[PDB]
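For the protein sequence lines, the chains are b, P and K, in the order given.
FYI, PDB author numbering numbers position 49 of the first sequence as 148, with every residue one higher than the one before it.
Numbered according to PDB author numbering, the second sequence spans residues 1 to 55, 72 to 478.
FYI, PDB author numbering numbers position 26 of the third sequence as 33, with every residue one higher than the one before it.
This report concerns only the one structure given below.
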Amino acid sequence: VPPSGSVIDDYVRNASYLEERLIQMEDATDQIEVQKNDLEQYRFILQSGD
Amino acid sequence: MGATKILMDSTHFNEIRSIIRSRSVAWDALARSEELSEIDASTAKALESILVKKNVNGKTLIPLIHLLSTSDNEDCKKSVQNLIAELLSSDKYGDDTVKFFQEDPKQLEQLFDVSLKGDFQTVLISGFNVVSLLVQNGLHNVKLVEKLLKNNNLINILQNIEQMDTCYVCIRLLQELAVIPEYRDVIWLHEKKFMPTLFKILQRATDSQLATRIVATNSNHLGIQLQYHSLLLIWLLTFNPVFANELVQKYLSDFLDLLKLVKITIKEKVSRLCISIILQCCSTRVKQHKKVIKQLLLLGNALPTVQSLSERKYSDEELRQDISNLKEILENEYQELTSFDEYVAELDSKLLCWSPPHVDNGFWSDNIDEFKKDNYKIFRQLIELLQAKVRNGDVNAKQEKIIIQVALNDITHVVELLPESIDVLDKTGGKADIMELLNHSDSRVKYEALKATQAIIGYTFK
Amino acid sequence: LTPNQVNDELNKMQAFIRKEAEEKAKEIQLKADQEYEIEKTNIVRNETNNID
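Here it is in structure tokens:
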């Protein structure tokens, strides 16, 4: 709890600016993990099937 | 009588007037010592009873001005100027003294010559009395304001930031004299000397936090009156169209803290003059309003403070109408330009920067068909500018980081928009630097290059 | 608790509210003079265009 005054816009922008990048970072990390897991899962199947 | 009480109800003028009112001056002993006339000492001694006894300053106005001009003591001239200034501002005693000053300008011109000598309190007392009669419609002397602004004692007394009464009275005198339209040119000519003192008081009040109460001003009426007097003095000079463009183009760096000063402050006085100064400077009547709105919006960040300030309005309707009026022109100012001319001008100028319309996918999708004229030679020229900036002028730099981040965001949006631009990056060779640029410093630009590499990597495998 | 602290706090609050009311009150005419001058200049140019 800070002993100074209250700022709603400065506290709201610092959380929305972090959450807006955290949502795209989580979605890009999940999509990159799903694509890397799909390509790594299919690479051994293609190399073993070849 | 009936003079204006501007710069007369503040505690700073009464605090300095209380020190001169505490002491006593004998005009008979000074006149007997060959330092003044007997008629000036008798009129100065008899002039004190007219104040309390009344509640004729015009008849005794000439002996007080002659004794003040002939005398060289700061105590007698400060007491006579304090008694004449107190009797002039009153509306029930000494009414003929105000008409005699407006009737004869030789008494005001002779009384203005005695200012700036002796102590600094006498120059504010004579400057307040000359500024009181000068602010009326009876006498308009711009030579006294230009000569007072060209003085070194007034700029030296107003330059001292350790006294709130000296800088508040000196800034209040120029702020009250700047209300006239004829004095705006002469006050605007010498505004470069008193220009940093108005921003230093706003930076000193903005540097104070909310947990502790500073001695000069953090939430008090003294610092809010000094910062409101400086913002009102800058707002009075900002009414001119060329003065707003020249002052905004010259002092935009020091004027960029006005948005943070209104956001950090809770009163609507500093925030109303701060938002009104940016709203008046962002008007269409000022010359080069697009460059001041683009530099103030990009460097100052007036769009997020205006958007967040639009939800948290104040009690005054002028602040909400000024913020709502400036937010529409500030938001429509960047949206009013074309995306193809802005992207072609920014890419052709070799200077990449963020904007409100540059982070939208509709601009790259609209300019993607128009940019495609040589097998995507525009995107190959932008990728050759980003990779050529990456090779010559390596990363971990201040200049290449903004163009690398903007080129990575625009290349990520243009690459994510259409799947045919991936062949231009592999054919040109900028795709190899995009993977190496993510593992370096500037992790925001590494996240933009990670999104640009993820956009081209998404079309490879589905 | 004591009435002297409430009298001093109300006496300072009333003078601060009055001084803030007047200091916030002067800006309406302070901008209204420049707005009236701009409107008079716009009407003067609007008449001078047809006069020329």
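From the three backbone atoms N, C-alpha and C, an ideal C-beta is built for every residue, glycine too.
| Item | Value |
| --- | --- |
| Touching by the beta-carbon criterion (3+ pairs, under 8 Å), the region 441 to 460 of chain P and the region 390 to 405 of chain P | yes |
| Local Cβ density within 10 Å of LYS159 (chain P), reported as buried at 16 or more and exposed below that | exposed |
| Proximal residues to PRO373 (chain P) (C-beta, below 8 Å), its chain only, five neighbours per side dropped | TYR350, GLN351, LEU353, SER355, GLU358 and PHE379 |
| Rounded Cβ spacing between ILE100 (chain P) and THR86 (chain P) (contact assumed at less than 8 Å) | In fact, because the Cβ distance is near 16 Å, the residues do not count as touching under 8 Å. |
| Boundaries (first-last residue) of the alpha helix (DSSP H) holding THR444 (chain P) | 438 to 444 |
| Reference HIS206 (chain P); option with closest CA among P:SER235, P:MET180 and P:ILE250 | P:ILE250 |
| Same chain, Cβ closer than 8 Å to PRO212 (chain P), neighbours up to 5 away in sequence not counted | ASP270 |
| Whether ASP28 (chain P) touches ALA41 (chain P) by CB criterion (7 Å) | yes |
| Reference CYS369 (chain P); option with closest CA among P:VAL422, P:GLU162 and P:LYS94 | P:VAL422 |
| Length of the line joining the Cα atoms of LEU252 (chain P) and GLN191 (chain P) | 7 Å |
| Close beta carbons around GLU48 (chain P), own chain, < 7 Å, minus the five adjacent residues each side | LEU99 |
| Below-7 Å beta-carbon distance, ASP129 (chain b) vs any chain P residue | no |
| Minimum Cβ-Cβ distance from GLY104 (chain b) to chain P less than 7 Å | yes |
| Buried versus exposed call for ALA44 (chain P) [16 or more other C-beta atoms within 10 Å across all chains shown] | buried |
| Residue interval of the alpha helix (DSSP H) (run including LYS307 (chain P)) | 305 to 315 |
| 6 Å Cβ shell around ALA465 (chain P) - same chain, five flanking residues per side excluded | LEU424, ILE450, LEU453 and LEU454 |
| Assumed close pair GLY143 (chain P), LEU164 (chain P) - CB separation to whole angstroms, cut-off 8 Å | 7 Å |
| N-terminal and C-terminal residue of the alpha helix (DSSP H) that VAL114 (chain P) is part of | 112 to 119 |
| Close Cβ partners of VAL286 (chain P) (< 7 Å) along its chain, the five nearest in sequence each way excluded | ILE240, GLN243, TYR244, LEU247, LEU277 and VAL278 |
| Contacts of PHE144 (chain P) in chain K (Cβ-Cβ under 8 Å) | Per Cβ cutoff of 8 Å: no residues; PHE144 (chain P) is ~17 Å from chain K at best. |
| Cβ pair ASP338 (chain P), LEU295 (chain P) closer than 7 Å | yes |
| Cβ distance (whole Å) where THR254 (chain P) is taken to contact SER148 (chain P) below 8 Å | That pair is no contact at about 25 Å. |
| Near-chain K residues of the region 272 to 289 of chain P - C-beta to any C-beta below 8 Å | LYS283, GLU284, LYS285, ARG288 and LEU289 |
| Cβ-Cβ distance between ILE19 (chain P) and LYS94 (chain P) below 7 Å | no |
| Span of the alpha helix (DSSP H) around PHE387 (chain P) | 377 to 387 |
| Sequence-distant residues of its chain with Cβ nearer than 8 Å to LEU367 (chain P) (five each side left out) | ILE419 |
| 4-residue-minimum alpha helix (DSSP H) runs that sit fully inside the region 192 to 233 of chain P, ordered along the chain | 199 to 205 and 211 to 223 |
| CB contact below 7 Å: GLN41 (chain K) versus chain P | yes |
| Given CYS297 (chain P) as reference, the closest of P:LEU325, P:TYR109, P:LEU346 and P:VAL96 once Cα atoms are compared | P:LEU346 |
| Nearest candidate by alpha-carbon position, reference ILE394 (chain P), set P:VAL375, P:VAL431 and P:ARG200 | P:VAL431 |
| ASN172 (chain P) burial status per 10 Å Cβ neighbour count (16 or more: buried) | exposed |
| Contact under 7 Å by Cβ, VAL322 (chain P) with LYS343 (chain P) | yes |
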